Amino acid sequence: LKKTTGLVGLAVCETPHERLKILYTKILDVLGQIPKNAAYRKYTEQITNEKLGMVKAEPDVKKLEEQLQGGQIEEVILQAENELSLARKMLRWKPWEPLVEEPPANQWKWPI
Amino acid sequence: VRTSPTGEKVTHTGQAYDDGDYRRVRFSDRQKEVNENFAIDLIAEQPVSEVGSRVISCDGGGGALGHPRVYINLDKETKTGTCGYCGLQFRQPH
Amino acid sequence: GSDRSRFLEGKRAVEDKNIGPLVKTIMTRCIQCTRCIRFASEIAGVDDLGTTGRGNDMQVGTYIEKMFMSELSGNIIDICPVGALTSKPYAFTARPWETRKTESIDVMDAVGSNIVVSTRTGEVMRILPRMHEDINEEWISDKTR
Amino acid sequence: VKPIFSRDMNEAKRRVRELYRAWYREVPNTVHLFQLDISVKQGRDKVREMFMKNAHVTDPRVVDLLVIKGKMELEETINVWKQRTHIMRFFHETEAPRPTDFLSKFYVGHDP
Amino acid sequence: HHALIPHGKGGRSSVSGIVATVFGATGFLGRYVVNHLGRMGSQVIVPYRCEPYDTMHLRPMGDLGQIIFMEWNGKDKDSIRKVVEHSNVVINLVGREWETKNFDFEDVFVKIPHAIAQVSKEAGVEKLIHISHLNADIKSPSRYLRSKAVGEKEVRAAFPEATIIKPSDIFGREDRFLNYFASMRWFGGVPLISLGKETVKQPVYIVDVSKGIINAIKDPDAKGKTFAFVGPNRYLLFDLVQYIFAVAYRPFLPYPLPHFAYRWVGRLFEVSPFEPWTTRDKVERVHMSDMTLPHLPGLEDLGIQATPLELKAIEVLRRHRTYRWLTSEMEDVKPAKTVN
Amino acid sequence: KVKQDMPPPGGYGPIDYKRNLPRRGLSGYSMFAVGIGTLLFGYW
Amino acid sequence: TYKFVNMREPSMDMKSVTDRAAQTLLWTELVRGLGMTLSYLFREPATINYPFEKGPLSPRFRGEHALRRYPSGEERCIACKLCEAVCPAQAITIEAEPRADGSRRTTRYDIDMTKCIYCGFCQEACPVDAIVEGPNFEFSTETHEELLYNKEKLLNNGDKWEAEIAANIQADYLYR
Amino acid sequence: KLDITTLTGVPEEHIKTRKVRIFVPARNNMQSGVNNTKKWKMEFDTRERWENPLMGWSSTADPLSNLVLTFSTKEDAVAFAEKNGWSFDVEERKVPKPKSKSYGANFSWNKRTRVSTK
Amino acid sequence: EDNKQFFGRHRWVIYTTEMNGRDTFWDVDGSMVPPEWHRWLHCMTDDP
Amino acid sequence: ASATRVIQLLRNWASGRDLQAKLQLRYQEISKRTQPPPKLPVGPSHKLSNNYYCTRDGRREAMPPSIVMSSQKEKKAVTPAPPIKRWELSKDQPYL
Amino acid sequence: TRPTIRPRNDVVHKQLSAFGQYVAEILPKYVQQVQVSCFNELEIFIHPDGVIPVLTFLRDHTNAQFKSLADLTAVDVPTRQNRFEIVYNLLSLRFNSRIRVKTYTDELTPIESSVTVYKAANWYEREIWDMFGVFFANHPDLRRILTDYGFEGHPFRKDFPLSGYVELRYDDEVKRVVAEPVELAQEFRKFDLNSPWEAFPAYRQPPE
Amino acid sequence: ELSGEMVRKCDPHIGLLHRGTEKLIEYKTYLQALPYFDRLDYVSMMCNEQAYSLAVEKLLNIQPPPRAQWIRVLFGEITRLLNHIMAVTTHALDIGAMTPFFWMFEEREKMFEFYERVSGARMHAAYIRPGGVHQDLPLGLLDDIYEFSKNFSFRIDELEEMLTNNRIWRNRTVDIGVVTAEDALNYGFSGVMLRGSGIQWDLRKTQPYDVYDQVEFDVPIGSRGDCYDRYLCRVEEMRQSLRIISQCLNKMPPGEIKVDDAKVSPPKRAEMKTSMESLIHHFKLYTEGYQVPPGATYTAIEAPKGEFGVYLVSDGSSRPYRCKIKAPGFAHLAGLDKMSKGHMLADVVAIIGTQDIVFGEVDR
Ligand SMILES: NC(=O)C1=CN([C@@H]2O[C@H](COP(=O)(O)OP(=O)(O)OC[C@H]3O[C@@H](n4cnc5c(N)ncnc54)[C@H](OP(=O)(O)O)[C@@H]3O)[C@@H](O)[C@H]2O)C=CC1
Ligand code: SF4
Ligand code: SF4
Ligand code: SF4
Ligand code: SF4
């Protein structure tokens, strides 16, 4: 059990595997509500399922951190929480819908 | 360095304050800074070099410490060739 | 062009020609484009400027001490790609980047030639022709210039 | 067009009246705190003049942005962020009167 | 000969066309005159007889080169000739309310101005502006005003086309008129001859006087004319002093004093080697009521409307207030009774 | 021959770049002993 | 790649505890700092006796601008105005006219020493070496106008400092 | 009807009394290059410039003396001028008219185009 | 010159008591140093 | 320095270091102010052949940005770059 | 070989292009165009409505963890109807990559504040409002930074003259620092430096 | 807003040193704009010059010569030593130490002498320019730098002796200004502000710019995110900069100091005075400047005070269309309010010291 994560404000998680499992399952639950053909859902599910499979397969925190390549496992849980919040806000925003409006005629022309 | 009628020292540029001009007050208890050495007179004083070639090169002296190298045609007998930068004059002998 | 010179020999020099009181001539800068000759022949109508000699010694200018006099003589200063032919009145007065250009019309004649009045620090420095295909193609008279 | 704060001119007029109320009540406090030598009536007249300068605006968004700028200026004055110099700059005391009749402009200078 | 075309929009960098030599510019009126000249863009030549430190406050008043400081001596005419040589305008503001060992009232108000006017006429200066108190008269009790009248006569003699401006007490931040009354608080009660009921004064704002001088320089008609500068309202000395103390929020304790006792007190303060707090001449001039001279043109002729004392009193007298009354507004004190 | 400002052949000598705060002073027991001995002699 | 400042744990043995207790009660570390200050007291001071002693400067120093001349005495300036063009602060005002000899010389050359940033440009830019920032640094003035230099003032500075300016240019001309 | 004049902060005198010229800058006749004739330019009216008494430097009081703006098209510059409430004058672009060039004409048998010298 | 003293104090100048008609016994200034000795004094050159 | 031996000992003991070995003030160790003239080398492009500027023109080799996607006309998830590798504690001094 | 010219790294180019396509696919609603510069920099062009959504997506790990707002700024191009181009520069420390998201606005059209997403945009958006005229809606405190307390115009706007419209001096008459119309003693000398000849043929715009 | 001496609200008012640098750059050529960057952060001039040079070179698609790059890295590390000396000593002086300031400012004077010898300006030299460095090192400078570096470690050690373990100094800084790593990242903090909190990010290693890939140094990382930890980080960074300086001294390459392209870097004076092409290019470069291919770039470096960035947009002309400077101090001063919560006035002074704010950068 690591004494400190090393980054101020981030505390060592006593039960990392359980927390990661719960967070990934919740992220998948939120993704389910999102339309099937939305790219966000497909990519996020792909990433989540890989992460959850890795978490379940490996019982050692250090080996899991090496496999995930997301930094210390506490940082991984923090990223999972961030993803969950994004997924929840995504549902409201509905980014998968077509472009709101095309830009003016020469709004991105440079040199002028 | 000639002196103007007002008593001011005319500059090499020829600048001197007319009696009408009010700007002469700036030197009332101070002085007008004029360089006594005049470039035109000193350049005139230099002797004219006589070279036996139709075209000669002037670098201003000192090589890289002078001015860009230029080649001067000396064919005209009437007038000496003058360096655009240095101001030195050259002429073919005879 | 390249950024360096491989020329390791002496450069040529040309004796300057006097063609009048308006055009200052430094012929060593000439690149023998022949623009001045063709202009004098075709537009001005004065066949007094030409090339004398052959090879690298070829030189542009009246063989004799003739003076190029015409209403449109000053335009050779504009036409010349290099500073071989330059305005004597405007010599050494200013550099191109300093000048502020104002587009205006000439009043010396009723032709209405379009001109660019070049001013620096509130002082008129030169008059340059402005292109109006209908009135003045690219030329202005000596009086306007 | 997307409204800045008001969808129609009447709402912007309401906001403008609220801002005018705020300035009108603030004027005496400004004279007291900044130790200005102007009278309260003089400052309130200056406030009216500043409001009247932009009385020609007919677009709701421009009026809303003007109200925002006025609120920022009022915040500056309510605090002491603006000094007596800034407060008295509205009164162009140092600047000399500039004649507006044609003959006076003709006499004074080349300005149109 | 020394004529310059005006150029610019009237700013700091513009050329007004006015080249001036402001004698006595290191003083209450000189500061404002120089500031007004500099803001237009005029060239101001300042003759200074004091240390250069005292002239430092005038240095920022003009753009680069506009303000030229040249040391001058009133007794020496050659310094006057040097200062006024290249000026198209000369303004004489040299006056000391207290006589000094080296220079008495005669020298400061008669000899100096006469020398200035004569040297200006010799030099060719187009215009000259001279300042003499409105109450100036050859029969006045005060030596100051008597010398002022004699100097006015001499200046008109030397310079026939000279504008002479006769100003009343000029109230301002650096004034010795309002500050003089306010400073009397330190001595307890305010000594007044006859309690001030018999004296009437018409103070003038300093900015109005300076603007009048500048407009007189600008005005072509001003040549060879005597203007009287007076404030909008005339006040009894008692009412004016009471208003001064009210705006200063300092207790007012007027006590009548006999004229001879006040003169003796003035003699006591004259003893000071440094600048005297008060002089017998100061007492006489304060007691003397301001003359009314309808014949002479005034500020209205020059285009400036006189600012009332009420508007500008707080500027001068706020500093004299204590901490309790420092922040009080101008409107709290009602205007004093006006004898008009 | 080219002459630029170049490192001396073989390079410069090593430059120390680490903290060298020294270890100084007596042990705490000794300092307390000295203080107490001074106190006792003063008391006597 | 990364190092841990702090991140050290004190020993809990009785000797180390007693040492730290002595440090707290007997103020050892403050005494160490006092000793360092005393050692500095006994070290030689670094103050130089200005004005009598002057700080080191190199030949590439950038100080007061100066207008140089050729050995003949002709002014090096050929009114290129490229040195005006490269001035980052637009501190150089140049006007030129053909002189009586017919040469391209400057009727007006002004450097505002109050708008100048002493960048060192126009010494690199000027083609003929005419304008040079010389060694002088002690040219403080009591008035703003004194610092608005004129062609006469610049030429006088060049004449005054030519002996040093030439030697410094000789020293650094190969590096340029 | 867009008006940003109140929001710009420009003083009224420059807003009302200034005429802005919308034009394609003409080619400098000294040079044959045409790259500097490809974009519209907005330039304000010239105003007084006077000599500084101390040094003779040209002094100005016109805040917009050096202000020049580049616009891809004439309409955009006009829109900017209208939004900022400046009176505008638009000079139509001048394009070199197509010319017929023949080197053979220099040696014509019967025409006057024959060149005396090459 | 005292080369033993550390750099910055090895070279020093004792200003003259009279220069260009000014009494400089007490009032001395850096500008009094002539240009030729300026480079030696300021260490731009090692040769006097 | 010129310090006497007693002062040198006192300062060294107070500091806890040998101050004489490393002295802040600068002595004859500094480089001579006058130096032999340099001969700066030329760069790669100083050649008399095969040096055409077209080959070595960097600016003209710049190109307008490539447009990956434009609105106006399974796949593996991707990242902006491969994830950063964790840093390794320094061997010389892992803990200060 | 080719010492003068900058070396090119295609690997980073391909990675950035792939991630740009990734972003375009995930948020087609807002992204309008994504381009990768040949110096290996990625730009995603977004509709003004998508600032908060796209930035929140970028910060949160949908394989992107741009959790640092390098800088926020605007570029005023008067020609375009939306004269202001809001530019966001983000840094992802997890993937050691940086991407740029750009949007447009007008003088009268507000853009949503990003203080919620990043919290470093408070002062950046205040600076954008102060210099340029953009108003950011829902900002915690929008006020002037870097300009004088009474400053009226919005500098950096390509209409504002470099010297401004007002100048400050101390006036003895009012015993106060007083503003006045600008009157330069030496007018800034405008230099026309652009050459008449084209320098880069690659960027030659179509004749039209 | 202080209840007693406790700061309820800290509101930073800036712009007292706003000189309109970015607006002025638009009116200047790229070379003319270079001196501006020296002034932005007075303490760390050469690093800002390097950042601008890197941005302009990336837009230009030109590569600085290797010796120029090594000179840039060396003088950048010297500038880092100067900047950290100033920051630490001025922080101590504000918290009352007042002796290390003089002690270290003597060494700052020596490093200024190195600056003067290279450029002729003690500070604000234009040495680092797009395309390389203006002039080659004067002969003998490297050995003098070695002489300085061999002894600088003792000075840093004496400063540590004065401050590192002092009870008073630790009390003034041990737990003041704590910033969480996530808060530090979100608030835009860079450099020691991030690394003090424990985040491992140094652009010199993560994204090397000039030759830092070829040098070995250790990034100092903190554990408590406090003022004391950041001070320790800055001291260790000074020591690591000394390590990098030794490495740069030993492996300085021979050759040119500016790109051998006369359309970007000016030709040598002799060549300009002897060759027509060189004269033409010198004339154009010093009058028009070099046109930069149209584009935009954000180039950042690990400056002594954090990440320094320039968002440079080019319209293809000789003058930049827009130049936006990302100053590390801007975000740190923005976060000052969050850091100050729960502290007293002296703690606020210490926190201002910790973030090493030079207001030329902040106001620009
Ligand atoms: N209420 C008023 O102010 C009135 C004004 N006036 C006249 O107008 C002027 C107003 O000046 P005021 O506001 O009173 O301020 P001051 O009393 O300071 O005016 C005197 C000025 O002249 C200088 N001066 C004084 N005595 C001499 C001397 N003997 N020789 C040379 N210079 C001298 C002073 O400089 P320094 O200190 O160095 O001597 C100062 O600049 C005076 O001449 C006054 O008589 C007339 C009527 C009323
Ligand atoms: S136009 Fe000029 S370059 Fe061409 S031939 Fe005539 S003089 Fe020579
Ligand atoms: S600038 Fe052009 S015309 Fe003048 S000398 Fe050089 S190449 Fe010839
Ligand atoms: S080098 Fe100096 S003197 Fe010569 S042309 Fe250039 S600016 Fe003028
Ligand atoms: S050194 Fe002086 S004159 Fe030369 S560019 Fe810099 S500021 Fe201008």
# chains A, B, ... in the order shown; residues from 1 in each chain; ligands from 1
>>> select_by_dssp(residues="chain F", states="helix (DSSP H, G or I)", output="MDAnalysis selection string")
chainID F and resid 28:43
>>> residues_near_ligand(ligand="ligand 1", cutoff="8 Å", atoms="only C-alpha atoms and all ligand atoms", output="PyMOL selection string")
chain E and resi 23-30+48-51+54+72-75+92-97+102-104+107-109+112+131-134+148+166-171+175-177+204+206
>>> write_last_selection(atoms="C-alpha atoms", output="PDB file, in the first residue's frame")
ATOM      1  CA  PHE E  23       8.546  87.914 -15.611  1.00  0.00           C
ATOM      2  CA  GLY E  24       7.741  86.685 -12.106  1.00  0.00           C
ATOM      3  CA  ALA E  25       6.494  83.327 -13.466  1.00  0.00           C
ATOM      4  CA  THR E  26       7.765  81.589 -10.281  1.00  0.00           C
ATOM      5  CA  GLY E  27       4.677  82.867  -8.387  1.00  0.00           C
ATOM      6  CA  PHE E  28       0.928  82.314  -7.774  1.00  0.00           C
ATOM      7  CA  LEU E  29      -0.178  83.986 -11.052  1.00  0.00           C
ATOM      8  CA  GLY E  30       2.910  82.969 -13.040  1.00  0.00           C
ATOM      9  CA  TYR E  48      14.128  83.406 -12.695  1.00  0.00           C
ATOM     10  CA  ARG E  49      16.041  85.202  -9.913  1.00  0.00           C
ATOM     11  CA  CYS E  50      15.548  82.359  -7.367  1.00  0.00           C
ATOM     12  CA  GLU E  51      17.162  78.923  -7.075  1.00  0.00           C
ATOM     13  CA  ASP E  54      11.842  76.638  -7.092  1.00  0.00           C
ATOM     14  CA  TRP E  72      17.720  87.515 -14.767  1.00  0.00           C
ATOM     15  CA  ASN E  73      18.248  90.415 -12.354  1.00  0.00           C
ATOM     16  CA  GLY E  74      15.646  93.183 -12.045  1.00  0.00           C
ATOM     17  CA  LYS E  75      18.335  95.798 -11.413  1.00  0.00           C
ATOM     18  CA  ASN E  92       5.285  91.537 -16.187  1.00  0.00           C
ATOM     19  CA  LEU E  93       4.038  89.828 -13.000  1.00  0.00           C
ATOM     20  CA  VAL E  94       6.879  90.933 -10.645  1.00  0.00           C
ATOM     21  CA  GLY E  95       5.372  92.042  -7.296  1.00  0.00           C
ATOM     22  CA  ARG E  96       6.139  91.433  -3.587  1.00  0.00           C
ATOM     23  CA  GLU E  97       3.473  92.219  -0.967  1.00  0.00           C
ATOM     24  CA  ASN E 102      17.392  94.911  -1.279  1.00  0.00           C
ATOM     25  CA  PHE E 103      14.097  95.728  -3.043  1.00  0.00           C
ATOM     26  CA  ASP E 104      11.426  98.120  -1.709  1.00  0.00           C
ATOM     27  CA  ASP E 107      11.849  99.133  -7.046  1.00  0.00           C
ATOM     28  CA  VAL E 108       9.430  96.193  -7.518  1.00  0.00           C
ATOM     29  CA  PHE E 109       6.372  98.175  -8.750  1.00  0.00           C
ATOM     30  CA  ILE E 112      11.449  97.057 -12.490  1.00  0.00           C
ATOM     31  CA  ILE E 131      -0.510  93.815 -13.779  1.00  0.00           C
ATOM     32  CA  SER E 132      -1.564  96.553 -11.274  1.00  0.00           C
ATOM     33  CA  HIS E 133      -4.095  96.206  -8.400  1.00  0.00           C
ATOM     34  CA  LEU E 134      -7.600  97.567  -9.189  1.00  0.00           C
ATOM     35  CA  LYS E 148       1.380 100.346  -8.387  1.00  0.00           C
ATOM     36  CA  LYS E 166      -5.962  95.649 -12.893  1.00  0.00           C
ATOM     37  CA  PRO E 167      -6.990  92.530 -10.917  1.00  0.00           C
ATOM     38  CA  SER E 168      -8.655  92.410  -7.455  1.00  0.00           C
ATOM     39  CA  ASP E 169      -7.616  89.923  -4.718  1.00  0.00           C
ATOM     40  CA  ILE E 170      -7.049  86.685  -6.731  1.00  0.00           C
ATOM     41  CA  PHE E 171      -8.366  83.683  -4.769  1.00  0.00           C
ATOM     42  CA  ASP E 175      -3.577  82.444  -2.835  1.00  0.00           C
ATOM     43  CA  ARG E 176      -2.403  84.659   0.059  1.00  0.00           C
ATOM     44  CA  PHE E 177      -5.950  86.102   0.334  1.00  0.00           C
ATOM     45  CA  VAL E 204     -11.358  87.155  -8.664  1.00  0.00           C
ATOM     46  CA  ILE E 206      -6.884  82.905 -10.424  1.00  0.00           C
TER      47      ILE E 206
END
>>> interface_residues(of="chain G", to="chain H", cutoff="12 Å", atoms="only C-alpha atoms", output="short mmCIF file (atom, residue, chain, number, x, y, z; two decimals) with C-alpha atoms, in the first residue's frame")
data_model
loop_
_atom_site.label_atom_id
_atom_site.label_comp_id
_atom_site.auth_asym_id
_atom_site.auth_seq_id
_atom_site.Cartn_x
_atom_site.Cartn_y
_atom_site.Cartn_z
CA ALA G 91 14.65 56.75 -33.03
CA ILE G 92 16.60 57.86 -36.13
CA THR G 93 15.40 60.64 -38.44
CA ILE G 94 17.42 61.07 -41.64
CA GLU G 95 17.12 63.60 -44.46
CA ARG G 108 19.76 65.76 -41.13
CA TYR G 109 20.73 62.85 -38.89
CA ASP G 110 18.96 62.75 -35.53
CA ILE G 111 18.90 59.96 -32.95
CA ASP G 112 16.49 60.50 -30.07
CA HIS G 144 15.30 66.02 -21.76
CA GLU G 145 16.26 68.12 -24.79
CA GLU G 146 19.98 67.43 -24.31
CA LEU G 147 19.27 63.77 -25.11
CA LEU G 148 17.75 64.52 -28.53
CA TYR G 149 20.99 64.29 -30.46
CA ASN G 150 21.72 66.12 -33.70
CA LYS G 151 24.03 65.35 -36.60
#
>>> closest_residue(among="K:116, K:97, K:105, K:65", to="residue K:84", atoms="only C-alpha atoms")
K:105
>>> residues_near_ligand(ligand="ligand 3", cutoff="6 Å", atoms="only C-alpha atoms and all ligand atoms", output="NGL selection string")
:C and (29 or 82-83)
>>> residues_near_ligand(ligand="ligand 5", cutoff="10 Å", atoms="only C-alpha atoms and all ligand atoms", output="tab-separated table (two decimals) with C-alpha atoms, in the first residue's frame")
chain	number	residue	atom	x	y	z
G	62	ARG	CA	26.65	49.31	-26.86
G	63	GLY	CA	26.67	52.86	-25.51
G	64	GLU	CA	26.35	56.35	-26.89
G	65	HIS	CA	25.73	56.50	-30.63
G	66	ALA	CA	28.44	58.09	-32.74
G	83	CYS	CA	19.83	52.10	-40.56
G	84	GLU	CA	16.76	54.29	-40.04
G	85	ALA	CA	14.61	51.50	-41.48
G	86	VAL	CA	15.91	48.85	-39.08
G	87	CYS	CA	15.61	51.02	-35.97
G	88	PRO	CA	13.17	49.13	-33.73
G	89	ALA	CA	11.98	52.28	-31.95
G	90	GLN	CA	12.12	54.66	-34.94
G	91	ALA	CA	14.65	56.75	-33.03
G	92	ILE	CA	16.60	57.86	-36.13
G	93	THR	CA	15.40	60.64	-38.44
G	110	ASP	CA	18.96	62.75	-35.53
G	111	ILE	CA	18.90	59.96	-32.95
G	112	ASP	CA	16.49	60.50	-30.07
G	113	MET	CA	18.44	59.06	-27.14
G	114	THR	CA	15.09	59.01	-25.31
G	115	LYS	CA	13.30	56.75	-27.80
G	116	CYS	CA	16.36	54.59	-28.43
G	117	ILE	CA	16.42	51.07	-26.99
G	118	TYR	CA	20.20	50.69	-27.50
G	119	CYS	CA	19.52	47.47	-29.40
G	120	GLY	CA	22.80	47.65	-31.31
G	121	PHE	CA	21.05	47.66	-34.67
G	122	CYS	CA	22.11	50.10	-37.38
G	123	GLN	CA	25.62	49.29	-36.26
G	124	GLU	CA	25.15	45.89	-37.86
G	125	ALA	CA	22.74	47.35	-40.42
G	126	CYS	CA	24.67	50.41	-41.56
G	131	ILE	CA	27.00	54.87	-37.10
G	132	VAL	CA	28.51	53.13	-34.07
G	133	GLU	CA	27.37	52.78	-30.46
L	32	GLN	CA	12.61	44.47	-35.09
L	35	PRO	CA	14.06	43.17	-28.78
>>> residues_near_ligand(ligand="ligand 4", cutoff="7 Å", atoms="only C-alpha atoms and all ligand atoms", output="MDAnalysis selection string")
chainID G and resid 67 76:84 122 126:131
>>> residues_around(residues="stretch 29-37 of chain F", least_positions_apart="5", cutoff="10 Å", atoms="only C-alpha atoms", output="PDB file with N, CA and C atoms, in the first residue's frame")
ATOM      1  N   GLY F  42      27.963  26.875  38.105  1.00  0.00           N
ATOM      2  CA  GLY F  42      27.433  28.175  38.467  1.00  0.00           C
ATOM      3  C   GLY F  42      26.652  28.131  39.764  1.00  0.00           C
ATOM      4  N   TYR F  43      25.833  27.093  39.942  1.00  0.00           N
ATOM      5  CA  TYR F  43      25.056  26.969  41.171  1.00  0.00           C
ATOM      6  C   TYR F  43      25.963  26.839  42.384  1.00  0.00           C
TER       7      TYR F  43
ATOM      8  N   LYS G  15      19.270   8.631  19.753  1.00  0.00           N
ATOM      9  CA  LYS G  15      20.333   9.591  19.470  1.00  0.00           C
ATOM     10  C   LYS G  15      19.856  10.679  18.513  1.00  0.00           C
ATOM     11  N   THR G  18      17.478  12.976  20.301  1.00  0.00           N
ATOM     12  CA  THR G  18      18.194  13.904  21.167  1.00  0.00           C
ATOM     13  C   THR G  18      18.872  15.001  20.357  1.00  0.00           C
ATOM     14  N   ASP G  19      19.437  14.653  19.200  1.00  0.00           N
ATOM     15  CA  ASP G  19      20.064  15.664  18.357  1.00  0.00           C
ATOM     16  C   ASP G  19      19.048  16.697  17.885  1.00  0.00           C
ATOM     17  N   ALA G  21      16.193  17.389  19.331  1.00  0.00           N
ATOM     18  CA  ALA G  21      15.777  18.131  20.513  1.00  0.00           C
ATOM     19  C   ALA G  21      16.796  19.202  20.873  1.00  0.00           C
ATOM     20  N   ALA G  22      18.085  18.885  20.757  1.00  0.00           N
ATOM     21  CA  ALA G  22      19.122  19.879  21.002  1.00  0.00           C
ATOM     22  C   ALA G  22      19.048  21.004  19.981  1.00  0.00           C
ATOM     23  N   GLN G  23      18.788  20.658  18.720  1.00  0.00           N
ATOM     24  CA  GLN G  23      18.627  21.678  17.691  1.00  0.00           C
ATOM     25  C   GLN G  23      17.476  22.615  18.032  1.00  0.00           C
ATOM     26  N   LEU G  25      15.975  23.133  21.130  1.00  0.00           N
ATOM     27  CA  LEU G  25      16.173  23.854  22.381  1.00  0.00           C
ATOM     28  C   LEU G  25      17.416  24.736  22.337  1.00  0.00           C
ATOM     29  N   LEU G  26      18.488  24.266  21.700  1.00  0.00           N
ATOM     30  CA  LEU G  26      19.769  24.961  21.729  1.00  0.00           C
ATOM     31  C   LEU G  26      20.054  25.760  20.459  1.00  0.00           C
TER      32      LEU G  26
END
>>> interface_residues(of="chain H", to="chain K", cutoff="10 Å", atoms="only C-alpha atoms", output="VMD selection string")
chain H and resid 2 to 4 6 to 11 14 27 to 28 31 to 38 40 49 to 80 84
>>> residues_near_ligand(ligand="ligand 2", cutoff="9 Å", atoms="only C-alpha atoms and all ligand atoms", output="count of residues only")
31
>>> atom_distance(atom1="atom CA of residue D:12", atom2="atom CA of residue K:137")
16.5 Å
>>> atom_distance(atom1="atom CA of residue E:272", atom2="atom CA of residue E:180")
16.4 Å
>>> residues_around(residues="residue L:3", least_positions_apart="2", cutoff="12 Å", atoms="only C-alpha atoms", output="list in words")
residues 1, 5, 6, 7, 8, 9, 10, 342, 343, 344 and 345 of chain L
>>> write_last_selection(atoms="N, CA and C atoms", output="compact mmCIF listing (two decimals), in the first residue's frame")
# COMPACT_ATOMS: atom_id res chain seq x y z
N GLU L 1 -9.11 42.52 0.74
CA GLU L 1 -10.07 42.66 1.81
C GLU L 1 -9.59 41.84 3.00
N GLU L 5 -5.56 40.78 9.90
CA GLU L 5 -4.52 40.58 8.90
C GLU L 5 -4.79 39.36 8.04
N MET L 6 -5.95 38.72 8.21
CA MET L 6 -6.36 37.60 7.37
C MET L 6 -6.97 38.14 6.09
N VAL L 7 -6.56 37.59 4.95
CA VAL L 7 -7.00 38.08 3.65
C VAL L 7 -8.26 37.31 3.28
N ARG L 8 -9.41 37.97 3.42
CA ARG L 8 -10.67 37.38 2.98
C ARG L 8 -10.73 37.28 1.46
N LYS L 9 -10.32 38.34 0.76
CA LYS L 9 -10.33 38.37 -0.69
C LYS L 9 -9.09 39.08 -1.19
N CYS L 10 -8.39 38.46 -2.13
CA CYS L 10 -7.24 39.07 -2.80
C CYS L 10 -7.60 39.25 -4.27
N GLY L 342 -7.29 31.63 3.46
CA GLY L 342 -6.92 31.09 4.75
C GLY L 342 -5.57 31.51 5.28
N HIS L 343 -4.97 32.56 4.73
CA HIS L 343 -3.64 33.01 5.13
C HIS L 343 -3.68 34.49 5.49
N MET L 344 -2.59 34.95 6.10
CA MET L 344 -2.43 36.33 6.52
C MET L 344 -1.63 37.12 5.49
N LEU L 345 -1.44 38.41 5.79
CA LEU L 345 -0.81 39.32 4.84
C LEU L 345 0.62 38.89 4.51
